[PDB]
Amino acid sequence: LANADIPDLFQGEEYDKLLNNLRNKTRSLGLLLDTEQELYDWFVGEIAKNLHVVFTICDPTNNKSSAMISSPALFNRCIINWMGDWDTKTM
Amino acid sequence: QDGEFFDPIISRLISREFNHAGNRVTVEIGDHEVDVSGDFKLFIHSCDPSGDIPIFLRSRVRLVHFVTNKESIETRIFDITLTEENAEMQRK
Amino acid sequence: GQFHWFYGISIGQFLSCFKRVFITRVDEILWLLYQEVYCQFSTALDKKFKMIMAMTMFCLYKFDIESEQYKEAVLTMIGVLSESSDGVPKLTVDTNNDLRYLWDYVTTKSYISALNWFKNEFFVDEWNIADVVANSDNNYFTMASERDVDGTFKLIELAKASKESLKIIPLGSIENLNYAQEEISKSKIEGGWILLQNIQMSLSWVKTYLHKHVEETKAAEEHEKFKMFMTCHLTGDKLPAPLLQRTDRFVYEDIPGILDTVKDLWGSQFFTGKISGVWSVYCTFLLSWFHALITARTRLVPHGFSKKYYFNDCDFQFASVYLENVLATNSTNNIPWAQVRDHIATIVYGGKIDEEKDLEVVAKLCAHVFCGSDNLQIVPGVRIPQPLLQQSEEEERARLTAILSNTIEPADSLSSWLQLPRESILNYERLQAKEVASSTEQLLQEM
Amino acid sequence: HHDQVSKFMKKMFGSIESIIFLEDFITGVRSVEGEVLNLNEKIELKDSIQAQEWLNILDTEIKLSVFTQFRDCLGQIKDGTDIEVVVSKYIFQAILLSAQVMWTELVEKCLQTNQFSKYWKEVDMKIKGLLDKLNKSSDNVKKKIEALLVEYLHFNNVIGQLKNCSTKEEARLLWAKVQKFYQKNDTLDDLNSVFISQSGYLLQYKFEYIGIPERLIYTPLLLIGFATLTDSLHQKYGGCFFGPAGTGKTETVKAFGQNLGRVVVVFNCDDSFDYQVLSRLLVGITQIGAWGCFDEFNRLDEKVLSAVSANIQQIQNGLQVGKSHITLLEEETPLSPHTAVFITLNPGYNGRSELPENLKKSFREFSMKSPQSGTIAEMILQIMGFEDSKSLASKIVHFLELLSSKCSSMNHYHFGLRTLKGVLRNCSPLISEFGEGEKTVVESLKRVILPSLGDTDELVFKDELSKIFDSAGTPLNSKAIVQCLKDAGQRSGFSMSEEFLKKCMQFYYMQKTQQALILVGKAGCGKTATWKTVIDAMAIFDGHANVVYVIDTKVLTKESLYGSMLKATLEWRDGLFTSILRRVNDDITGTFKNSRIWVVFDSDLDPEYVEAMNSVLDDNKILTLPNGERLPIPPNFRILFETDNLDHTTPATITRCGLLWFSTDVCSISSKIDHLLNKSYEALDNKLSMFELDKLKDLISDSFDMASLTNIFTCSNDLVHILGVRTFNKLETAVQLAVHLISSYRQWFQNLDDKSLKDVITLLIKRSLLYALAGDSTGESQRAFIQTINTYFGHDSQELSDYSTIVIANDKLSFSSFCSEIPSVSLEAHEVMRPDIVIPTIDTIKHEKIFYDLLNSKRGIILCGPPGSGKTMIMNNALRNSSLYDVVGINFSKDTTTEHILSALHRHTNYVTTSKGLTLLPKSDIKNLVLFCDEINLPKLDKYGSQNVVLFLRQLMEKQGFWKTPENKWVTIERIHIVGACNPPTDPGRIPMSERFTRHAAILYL
């Protein structure tokens, strides 16, 4: 969420394989990108617009679920929404 | 036998989730889709009340306490008292 | 049971106790309960927890039964015994007399008396291990105790006075456990009593052989009148709870006086025969007093010794061995005395001591017990003179036994005999009061 | 082969290493120590002979051969032969026993006559005689003399004590406590002829070879331990001493054995040790009748411990009863009654450990205590060349003891004996310079104890040192080093202050003695300056070059640094710390012999990393590999540690190394500035004409005087600072800015009015001074401080306004002062949300200008501020606009690695292998690059508490180059900038940053 990639997943050789596959799809769509930087920023931007994370936390009181809301990355880039109880009408 | 510890995968078997077919009824467990009988029954058993179970389970699960508490003493001393106090009415 | 492993209770133990309560009516039966519970469960607790359960159960009854003015008066007293608060309770002519008698104990700075007050107020016969055993309807018993003492010798006189059949079984090596399991299966058929000395050490075996063996033996009820006893140590390896709950429990809390222990040390010494000088028996007598004086100091802590130290019959043995050796290697001239003290005070007994504070105390005891020309005066009343010229070894045994039989241990023994001050003893009495008073208040508020 | 058995003997004997043949005949054996024992009868061999048969004869003959060498020797000394004569021809084990027996005999008679003095000098002379023999001796016999010295000192000590006794009873008491070595002049079975008396109890010397082991100094405490061991054994009980680690409990049991001619088998328990092996060894010990010591018995696993403890009972119960055969490991094995079991019990976290219950009536527990040091001190002084060893030992200890009671309780202060052994160790080279006098001791006290003390305690040392003993007026090496130190600093830029000279002197004198050096101080104390100055001064004074390797300790892993092994292929690759040593050791191809090698660790030091090097810190001076090797370190190769705190490190680690505590900063505020200015001017010389430079340096000197600034820096403290950094470390921020702002307007200084010029200077300096003290302030405070600057600066001089600016023309050189001018923004609907959109404010321009100015200085920037305060945008938009700099965005998370930083850089950076810097890492394009590290106070810290990712940036900011993690080489980064944003660390989630990193940053709280 802070970035829109997990750096670790694609590093070293697996970075080069991603980088190769990236050039293939980019051209297939019809755009060639001058620099190595021009490429990665397509990749990240694609993730940012196609991947959507919804968290479902039940007791925010729990110390492990507190850490979710705490986490800055999640707090800033998530839309916090509250459904904590059923009201008498909805019951 | 150990309800305190509980992995996620049983999960779809706890919530009643299934994918129904012409004759076969399938449930997803971790990876493999396996067929459910219907003669099949499930019970989860725990030994220590100290051990805390996941909120997922606790909500889908019927929690029943087979515990011989200190509260059980009040109930059981009356039965012993009445047998030695009014044996005619405890008999009847 | 939460504080200590040996202090377990099942619900069934309370039920079986409440059944015995039968075989203002509601008020009398209530008073019958408190008494019967004090009677059965006082036995499986040590002196501290006896006093704790006394004061607690007293307030458990009287807070419901007596006045609200009673409640704060006794509680403002239990607050004075503890360090919670100090006050004078609300005073009314003839209003309360038992309660007025209690505060008199607390105000007189007399602590042990005020703690035992709640025990007397139960109006119960505090059951002697014999009575408990006799009433008890099981073939198994575990009696734990502090390492200072062992109820092994209480069990000898318990068996002698009724039903005989005493069999002491040490659990030592493979041989002892192996002989042990043989003597166990045969004694139940025979119906003889059996004792299993210091199981805690041989425990790994318990969980495998004894844990299964005692569990399987429901035919032990079917078998001839037989009773198995096991000795534990409270400070020590934790017994399996399931085996513990199945078996009846007692705490041997019986502490001998200084003089009594001297007499008990000296008592066996004649069984060894005769191998040494007449003079030696005097040194063996000296050690008898010495050992009984440090053991007496061991319990009194912190005032007294810095930590609880445990001294053994092994410590006496290693000391007497050194004494035989010094008299064997030197002349009969008295002056060898210098290095007798050093070796007793620093290797034999000062060995386990680690704190410098306490090492000086063992030395200062040796200063008084060992060096001494013509007259020693171990205690205020008793003087030990050095061997007579007649040099009769049989006379001197009898003379030194006679000196024990002449003396009777004073009221103030812990301060007069152990040369430590009276004000220290009171400080200690105050603290064990505070510990009982605290733990009771804690218990009341928790429920 | 036969000869191939010698390998395995080391195991089954313990004392010997390899066996000597004439092939057909066994001439003798040699010990693990190097000592050669020759047998009486050389044992004959034929091809069809069994090992069991021939070796069994050797065990017998090896003991006999020791008796022979003992009686031969004892008889010689009895016939008035000087001990110097005997040493050269007899094995140590023999000569030791001979001394003991004669000593004992000679003192036994001397108790009767009271002729102590006549025997004392006599002994004292043999001691001196042995000492001078040692200096001129072959390394092998050097061991033997030293080993004997331990004993002869014991002899004389006991006699002296005996001389002193009030009466004869007093003397017979003291003598009883001692270990007295008797021989039976009565009898046959010679192996059984020697026996030992102590506390009345006797104990037969078995004749086993011991070789020449490191013999423990005799202490009263040692004898008492010996006395408890003899008291337990006499009654057929097991010896057991509990107590804290480092009290030498197993060493005692080793020594107690030796004294009685026994090689004790020590079981180090729970060093991943098998039960099956121990069970075998226990049968062997009960058969062979040996002594086994359980070294740290407490550390066993419960299943093992039960099993072992039960076995041990068999042995000790077998002995107490005396059973001929006992059953253990479910087989009938015979039991020697010479057998004994010893248990050492290290304490847990819970308490001093206990024996299992069964062992409690089978053993005798004793409490080991650290030796009262006085006795150790006296002997150590005796060995070196005494003068008055008794007075020094009393005096040194009193003083050390006195310091302890009189100094402040400070964490790293150790006035324990370890410390006096160290004073004494340092003393030996010192004696060479001066005397075996107190004066040499006095100097060694201040050479060790003083560099680690802090100002309050620094006088307590001086007051009580002179209070206890006064030695001398004047110091050697006083002029010569000092002029070599002044000359090095003038060249480096530094000012020789009270303190900078002092801590430079303290350091110089320590490298001499110590090979591991520690420098502890606040961030910006002067450490790097002290050592870099001293090391530089030594190449002037000695003529020896230095080769420095500065490594950030905690940036790299233990595997990256010491040597990392891969679990399956077991493939061994070098590391960093080990690989730079192989240049010196393995292949000194160039000049290393005449060079001085220094490996500096600039980062925080922790147990795990120092433990993996503890062997170099030991008296060993060798490096032990995880797998494969030990590499020895030369006397040139010194390891330094510069760090800010110690909390993690062990007192054991400190006392192996030399510690240099920097109580306060070496240098004056002014003096810092002075150096800083000149350091800044040198950068400009490479890009500015001398005429320009000469004029601009003149300007700076006359515009700002120290008297004004002193109040300004004082008032800086009376102010609330977000992301707090101390005044002294903020200084580089002023001067670097100030000089750049003036070198900015250099061209307009050619033709402008001299009164007006000063106003341009003063304004810039008043500005640069503001952000450097109050830049991290509220700005509500900035405004307040602006007036404080104006107040303390000259009243007439151009005053500072909140938005005050200096302006020059678009098309013509001009000069006027106008502030707060804004371009006006119109944007379309679609433009509204965009990761790069700024609606410029009076304050956006204000921050963007200063932010850009700092980068021109090239000082790192920390933009600290609340979320959504615009710290990211101000940074981004000022640079997304300019052609010069190019931004690279890294977000940090609670657990981000230093490789993520590298990988993100690799995308925009190109390494070039130019011979100028070797490897370099400039940006992949020609113009300057900016790393933006967002959420810099987010990555978490080692359990010790040290965030490596931050230290890595600190490496880049300060060193300007980093070490390659896999390939192991130095790459110097060219033209790359570090900028960071963080939240206030009062906010949740946030981690406190090391002053050692934030010192290189300009902090702007927005």
# chains A, B, ... in the order shown; residues from 1 in each chain; ligands from 1
>>> closest_atom_pairs(of="chain B", to="chain C", cutoff="12 Å", atoms="only C-alpha atoms", output="tab-separated table")
residue	atom	partner	partner_atom	distance
B:67	CA	C:11	CA	11.9
B:68	CA	C:11	CA	8.3
B:69	CA	C:11	CA	8.6
B:70	CA	C:11	CA	7.9
B:71	CA	C:11	CA	10.6
B:72	CA	C:11	CA	8.9
B:73	CA	C:11	CA	7.1
B:74	CA	C:15	CA	10.4
B:75	CA	C:15	CA	11.4
B:76	CA	C:15	CA	8.2
B:77	CA	C:15	CA	7.1
B:78	CA	C:18	CA	10.7
B:79	CA	C:15	CA	10.7
B:80	CA	C:19	CA	7.0
B:81	CA	C:19	CA	8.1
B:82	CA	C:22	CA	11.2
B:83	CA	C:19	CA	10.1
B:84	CA	C:22	CA	7.1
B:85	CA	C:22	CA	9.2
>>> interface_residues(of="chain A", to="chain B", cutoff="12 Å", atoms="only C-alpha atoms", output="PDB file with C-alpha atoms, in the first residue's frame")
ATOM      1  CA  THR A  56     -12.059  -7.191   7.301  1.00  0.00           C
ATOM      2  CA  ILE A  57     -11.212  -6.766  10.926  1.00  0.00           C
ATOM      3  CA  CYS A  58     -13.704  -7.976  13.558  1.00  0.00           C
ATOM      4  CA  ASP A  59     -12.387  -6.877  16.891  1.00  0.00           C
ATOM      5  CA  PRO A  60     -10.262  -3.729  16.464  1.00  0.00           C
ATOM      6  CA  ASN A  62      -7.506  -7.169  19.654  1.00  0.00           C
ATOM      7  CA  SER A  65      -5.967  -6.171  14.742  1.00  0.00           C
TER       8      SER A  65
END
>>> residues_around(residues="region 717-726 of chain D", least_positions_apart="5", cutoff="8 Å", atoms="only C-alpha atoms", output="list in words")
residues 774, 776, 777, 778, 781, 864, 984, 985, 995, 998, 999, 1003 and 1005 of chain D
>>> interface_residues(of="chain C", to="chain D", cutoff="6 Å", atoms="only C-alpha atoms", output="list in words")
residues 201, 339, 347, 351, 352 and 354 of chain C
>>> write_last_selection(atoms="N, CA, C and O atoms", output="PDB file, in the first residue's frame")
ATOM      1  N   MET C 201      13.147 -37.404  44.937  1.00  0.00           N
ATOM      2  CA  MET C 201      14.447 -37.710  44.294  1.00  0.00           C
ATOM      3  C   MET C 201      14.369 -38.793  43.228  1.00  0.00           C
ATOM      4  O   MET C 201      15.032 -38.724  42.186  1.00  0.00           O
ATOM      5  N   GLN C 339      42.297 -25.116  65.300  1.00  0.00           N
ATOM      6  CA  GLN C 339      41.974 -25.509  63.938  1.00  0.00           C
ATOM      7  C   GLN C 339      40.801 -26.413  63.876  1.00  0.00           C
ATOM      8  O   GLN C 339      40.354 -26.764  62.780  1.00  0.00           O
ATOM      9  N   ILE C 347      34.695 -25.196  56.390  1.00  0.00           N
ATOM     10  CA  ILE C 347      34.553 -26.244  55.392  1.00  0.00           C
ATOM     11  C   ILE C 347      33.330 -27.158  55.619  1.00  0.00           C
ATOM     12  O   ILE C 347      32.530 -27.455  54.692  1.00  0.00           O
ATOM     13  N   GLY C 351      30.516 -24.321  54.283  1.00  0.00           N
ATOM     14  CA  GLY C 351      30.683 -24.691  52.899  1.00  0.00           C
ATOM     15  C   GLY C 351      29.550 -24.206  52.034  1.00  0.00           C
ATOM     16  O   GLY C 351      29.755 -23.687  50.975  1.00  0.00           O
ATOM     17  N   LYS C 352      28.339 -24.410  52.503  1.00  0.00           N
ATOM     18  CA  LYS C 352      27.156 -24.085  51.766  1.00  0.00           C
ATOM     19  C   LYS C 352      26.945 -22.587  51.882  1.00  0.00           C
ATOM     20  O   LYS C 352      26.444 -21.968  50.948  1.00  0.00           O
ATOM     21  N   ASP C 354      27.332 -18.823  51.548  1.00  0.00           N
ATOM     22  CA  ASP C 354      27.907 -18.034  50.481  1.00  0.00           C
ATOM     23  C   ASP C 354      28.021 -16.555  50.892  1.00  0.00           C
ATOM     24  O   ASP C 354      28.950 -15.863  50.472  1.00  0.00           O
TER      25      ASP C 354
END
>>> residues_around(residues="residue 369 (chain C)", least_positions_apart="2", cutoff="12 Å", atoms="only C-alpha atoms", output="NGL selection string")
:C and (282-294 or 337 or 340-341 or 344-345 or 362-367 or 371-373 or 375-379 or 383-384 or 417-419)
>>> residues_around(residues="residue 386 (chain D)", least_positions_apart="2", cutoff="12 Å", atoms="only C-alpha atoms", output="PyMOL selection string")
chain D and resi 124+127-128+131+377-384+388-393+424+427-428+431+435-438+440-441
>>> write_last_selection(atoms="C-alpha atoms", output="PDB file, in the first residue's frame")
ATOM      1  CA  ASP D 124      63.724 -15.991  48.125  1.00  0.00           C
ATOM      2  CA  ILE D 127      63.056 -17.343  43.343  1.00  0.00           C
ATOM      3  CA  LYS D 128      65.244 -14.500  42.085  1.00  0.00           C
ATOM      4  CA  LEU D 131      63.558 -15.400  37.462  1.00  0.00           C
ATOM      5  CA  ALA D 377      48.448  -8.723  43.063  1.00  0.00           C
ATOM      6  CA  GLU D 378      51.449  -9.331  45.318  1.00  0.00           C
ATOM      7  CA  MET D 379      52.569 -12.466  43.443  1.00  0.00           C
ATOM      8  CA  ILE D 380      52.160 -10.792  40.063  1.00  0.00           C
ATOM      9  CA  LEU D 381      54.314  -7.945  41.270  1.00  0.00           C
ATOM     10  CA  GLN D 382      56.809 -10.510  42.583  1.00  0.00           C
ATOM     11  CA  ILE D 383      57.167 -12.197  39.188  1.00  0.00           C
ATOM     12  CA  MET D 384      57.861  -9.006  37.213  1.00  0.00           C
ATOM     13  CA  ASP D 388      58.501  -3.904  47.293  1.00  0.00           C
ATOM     14  CA  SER D 389      55.775  -6.206  46.076  1.00  0.00           C
ATOM     15  CA  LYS D 390      53.935  -6.294  49.387  1.00  0.00           C
ATOM     16  CA  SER D 391      53.538  -2.515  49.663  1.00  0.00           C
ATOM     17  CA  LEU D 392      52.473  -2.092  46.029  1.00  0.00           C
ATOM     18  CA  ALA D 393      49.942  -4.838  46.174  1.00  0.00           C
ATOM     19  CA  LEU D 424      49.756  -4.976  36.078  1.00  0.00           C
ATOM     20  CA  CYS D 427      52.985  -2.362  33.806  1.00  0.00           C
ATOM     21  CA  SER D 428      55.577  -4.719  32.194  1.00  0.00           C
ATOM     22  CA  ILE D 431      58.851  -1.055  33.799  1.00  0.00           C
ATOM     23  CA  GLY D 435      61.592   1.043  37.130  1.00  0.00           C
ATOM     24  CA  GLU D 436      60.180  -1.936  38.995  1.00  0.00           C
ATOM     25  CA  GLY D 437      59.077   0.856  41.343  1.00  0.00           C
ATOM     26  CA  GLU D 438      55.766   2.302  42.448  1.00  0.00           C
ATOM     27  CA  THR D 440      55.833   2.580  37.101  1.00  0.00           C
ATOM     28  CA  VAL D 441      52.686   1.288  38.788  1.00  0.00           C
TER      29      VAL D 441
END
>>> select_by_dssp(residues="region 418-524 of chain D", states="alpha helix (DSSP H)", output="ChimeraX atom specification")
/D:418-433,438-448,455-468,480-492,498-513
>>> write_last_selection(atoms="C-alpha atoms", output="PDB file, in the first residue's frame")
ATOM      1  CA  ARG D 418      40.380  -7.884  36.193  1.00  0.00           C
ATOM      2  CA  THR D 419      41.195  -4.214  36.150  1.00  0.00           C
ATOM      3  CA  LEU D 420      44.252  -4.607  38.433  1.00  0.00           C
ATOM      4  CA  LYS D 421      45.538  -7.541  36.410  1.00  0.00           C
ATOM      5  CA  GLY D 422      45.274  -5.156  33.496  1.00  0.00           C
ATOM      6  CA  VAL D 423      47.110  -2.331  35.298  1.00  0.00           C
ATOM      7  CA  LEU D 424      49.756  -4.976  36.078  1.00  0.00           C
ATOM      8  CA  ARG D 425      49.794  -6.320  32.505  1.00  0.00           C
ATOM      9  CA  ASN D 426      50.279  -2.763  31.174  1.00  0.00           C
ATOM     10  CA  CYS D 427      52.985  -2.362  33.806  1.00  0.00           C
ATOM     11  CA  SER D 428      55.577  -4.719  32.194  1.00  0.00           C
ATOM     12  CA  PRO D 429      56.437  -2.559  29.152  1.00  0.00           C
ATOM     13  CA  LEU D 430      56.224   0.449  31.472  1.00  0.00           C
ATOM     14  CA  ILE D 431      58.851  -1.055  33.799  1.00  0.00           C
ATOM     15  CA  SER D 432      61.129  -1.224  30.743  1.00  0.00           C
ATOM     16  CA  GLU D 433      60.835   2.555  30.464  1.00  0.00           C
ATOM     17  CA  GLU D 438      55.766   2.302  42.448  1.00  0.00           C
ATOM     18  CA  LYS D 439      56.237   5.081  39.946  1.00  0.00           C
ATOM     19  CA  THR D 440      55.833   2.580  37.101  1.00  0.00           C
ATOM     20  CA  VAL D 441      52.686   1.288  38.788  1.00  0.00           C
ATOM     21  CA  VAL D 442      51.440   4.918  39.285  1.00  0.00           C
ATOM     22  CA  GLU D 443      51.825   5.572  35.582  1.00  0.00           C
ATOM     23  CA  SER D 444      50.084   2.399  34.663  1.00  0.00           C
ATOM     24  CA  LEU D 445      47.162   3.342  36.869  1.00  0.00           C
ATOM     25  CA  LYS D 446      46.701   6.560  34.933  1.00  0.00           C
ATOM     26  CA  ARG D 447      47.361   4.819  31.643  1.00  0.00           C
ATOM     27  CA  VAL D 448      44.380   2.451  32.153  1.00  0.00           C
ATOM     28  CA  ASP D 455      35.429  14.754  34.717  1.00  0.00           C
ATOM     29  CA  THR D 456      33.960  14.479  38.264  1.00  0.00           C
ATOM     30  CA  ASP D 457      35.648  11.126  38.818  1.00  0.00           C
ATOM     31  CA  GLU D 458      38.743  12.345  37.037  1.00  0.00           C
ATOM     32  CA  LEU D 459      39.849  14.299  40.094  1.00  0.00           C
ATOM     33  CA  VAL D 460      38.835  11.640  42.584  1.00  0.00           C
ATOM     34  CA  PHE D 461      41.469   9.528  40.762  1.00  0.00           C
ATOM     35  CA  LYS D 462      44.069  12.238  41.009  1.00  0.00           C
ATOM     36  CA  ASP D 463      43.239  13.172  44.607  1.00  0.00           C
ATOM     37  CA  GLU D 464      43.338   9.615  45.971  1.00  0.00           C
ATOM     38  CA  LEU D 465      46.302   8.546  43.796  1.00  0.00           C
ATOM     39  CA  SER D 466      48.470  11.157  45.449  1.00  0.00           C
ATOM     40  CA  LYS D 467      46.716  10.439  48.800  1.00  0.00           C
ATOM     41  CA  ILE D 468      47.858   6.814  48.690  1.00  0.00           C
ATOM     42  CA  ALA D 480      58.378  14.486  21.059  1.00  0.00           C
ATOM     43  CA  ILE D 481      54.883  13.040  20.473  1.00  0.00           C
ATOM     44  CA  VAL D 482      53.276  16.383  21.188  1.00  0.00           C
ATOM     45  CA  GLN D 483      54.942  18.384  18.371  1.00  0.00           C
ATOM     46  CA  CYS D 484      54.127  15.453  16.036  1.00  0.00           C
ATOM     47  CA  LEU D 485      50.499  15.795  17.190  1.00  0.00           C
ATOM     48  CA  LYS D 486      50.295  19.600  16.868  1.00  0.00           C
ATOM     49  CA  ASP D 487      51.791  19.386  13.359  1.00  0.00           C
ATOM     50  CA  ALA D 488      49.265  16.737  12.272  1.00  0.00           C
ATOM     51  CA  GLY D 489      46.255  18.723  13.432  1.00  0.00           C
ATOM     52  CA  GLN D 490      47.348  22.056  11.900  1.00  0.00           C
ATOM     53  CA  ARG D 491      47.469  20.070   8.680  1.00  0.00           C
ATOM     54  CA  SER D 492      44.109  18.352   9.332  1.00  0.00           C
ATOM     55  CA  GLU D 498      43.057  21.190  26.534  1.00  0.00           C
ATOM     56  CA  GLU D 499      40.825  18.251  25.816  1.00  0.00           C
ATOM     57  CA  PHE D 500      41.841  17.448  22.240  1.00  0.00           C
ATOM     58  CA  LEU D 501      45.485  17.229  23.267  1.00  0.00           C
ATOM     59  CA  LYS D 502      44.463  15.150  26.317  1.00  0.00           C
ATOM     60  CA  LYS D 503      42.331  12.594  24.511  1.00  0.00           C
ATOM     61  CA  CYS D 504      45.008  12.479  21.767  1.00  0.00           C
ATOM     62  CA  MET D 505      47.639  11.706  24.442  1.00  0.00           C
ATOM     63  CA  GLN D 506      45.437   9.104  26.214  1.00  0.00           C
ATOM     64  CA  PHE D 507      44.957   7.378  22.857  1.00  0.00           C
ATOM     65  CA  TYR D 508      48.657   7.470  21.803  1.00  0.00           C
ATOM     66  CA  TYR D 509      49.813   5.802  24.980  1.00  0.00           C
ATOM     67  CA  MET D 510      47.130   3.104  24.730  1.00  0.00           C
ATOM     68  CA  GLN D 511      47.747   1.810  21.208  1.00  0.00           C
ATOM     69  CA  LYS D 512      51.215   0.928  22.498  1.00  0.00           C
ATOM     70  CA  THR D 513      49.887  -1.602  25.082  1.00  0.00           C
TER      71      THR D 513
END
>>> select_by_dssp(residues="region 35-110 of chain D", states="strand (DSSP E)", output="JSON, numbers by chain")
{"D": [36, 37, 38, 39, 40, 41, 42, 43, 44]}
>>> write_last_selection(atoms="N, CA, C and O atoms", output="PDB file, in the first residue's frame")
ATOM      1  N   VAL D  36      59.118 -33.446  26.584  1.00  0.00           N
ATOM      2  CA  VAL D  36      59.485 -34.846  26.244  1.00  0.00           C
ATOM      3  C   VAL D  36      59.817 -35.755  27.460  1.00  0.00           C
ATOM      4  O   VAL D  36      60.784 -35.523  28.192  1.00  0.00           O
ATOM      5  N   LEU D  37      59.000 -36.785  27.663  1.00  0.00           N
ATOM      6  CA  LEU D  37      59.246 -37.778  28.705  1.00  0.00           C
ATOM      7  C   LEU D  37      59.832 -39.030  28.100  1.00  0.00           C
ATOM      8  O   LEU D  37      59.252 -39.584  27.175  1.00  0.00           O
ATOM      9  N   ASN D  38      60.972 -39.481  28.619  1.00  0.00           N
ATOM     10  CA  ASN D  38      61.601 -40.729  28.155  1.00  0.00           C
ATOM     11  C   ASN D  38      61.419 -41.806  29.192  1.00  0.00           C
ATOM     12  O   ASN D  38      61.588 -41.542  30.373  1.00  0.00           O
ATOM     13  N   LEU D  39      61.080 -43.015  28.761  1.00  0.00           N
ATOM     14  CA  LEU D  39      60.863 -44.121  29.689  1.00  0.00           C
ATOM     15  C   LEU D  39      62.168 -44.740  30.171  1.00  0.00           C
ATOM     16  O   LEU D  39      63.223 -44.488  29.580  1.00  0.00           O
ATOM     17  N   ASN D  40      62.092 -45.525  31.254  1.00  0.00           N
ATOM     18  CA  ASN D  40      63.263 -46.218  31.810  1.00  0.00           C
ATOM     19  C   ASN D  40      63.645 -47.367  30.898  1.00  0.00           C
ATOM     20  O   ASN D  40      64.746 -47.404  30.355  1.00  0.00           O
ATOM     21  N   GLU D  41      62.703 -48.285  30.721  1.00  0.00           N
ATOM     22  CA  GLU D  41      62.818 -49.366  29.768  1.00  0.00           C
ATOM     23  C   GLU D  41      62.101 -48.971  28.471  1.00  0.00           C
ATOM     24  O   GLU D  41      60.900 -48.662  28.502  1.00  0.00           O
ATOM     25  N   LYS D  42      62.818 -48.953  27.338  1.00  0.00           N
ATOM     26  CA  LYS D  42      62.127 -48.793  26.055  1.00  0.00           C
ATOM     27  C   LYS D  42      61.375 -50.079  25.659  1.00  0.00           C
ATOM     28  O   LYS D  42      62.008 -51.125  25.484  1.00  0.00           O
ATOM     29  N   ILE D  43      60.041 -49.988  25.551  1.00  0.00           N
ATOM     30  CA  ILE D  43      59.167 -51.151  25.312  1.00  0.00           C
ATOM     31  C   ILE D  43      59.308 -51.722  23.890  1.00  0.00           C
ATOM     32  O   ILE D  43      59.082 -51.041  22.873  1.00  0.00           O
ATOM     33  N   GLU D  44      59.700 -52.991  23.842  1.00  0.00           N
ATOM     34  CA  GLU D  44      59.943 -53.708  22.594  1.00  0.00           C
ATOM     35  C   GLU D  44      58.633 -54.038  21.871  1.00  0.00           C
ATOM     36  O   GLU D  44      57.625 -54.364  22.513  1.00  0.00           O
TER      37      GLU D  44
END
>>> interface_residues(of="chain D", to="chain A", cutoff="8 Å", atoms="only C-alpha atoms", output="list in words")
residues 891, 900, 903, 907, 908, 988 and 989 of chain D
>>> residues_around(residues="region 162-164 of chain C", least_positions_apart="3", cutoff="10 Å", atoms="only C-alpha atoms", output="MDAnalysis selection string")
chainID C and resid 130 134 156:159 167 192:193 225:226
>>> atom_distance(atom1="CA of residue 272 (chain C)", atom2="CA of residue 320 (chain C)")
12.1 Å
>>> residues_around(residues="region 7-21 of chain B", least_positions_apart="3", cutoff="8 Å", atoms="only C-alpha atoms", output="JSON, numbers by chain")
{"B": [24, 25, 26, 27, 28, 29, 30, 57, 60, 61]}
>>> atom_distance(atom1="CA of residue 251 (chain C)", atom2="CA of residue 102 (chain C)")
27.9 Å
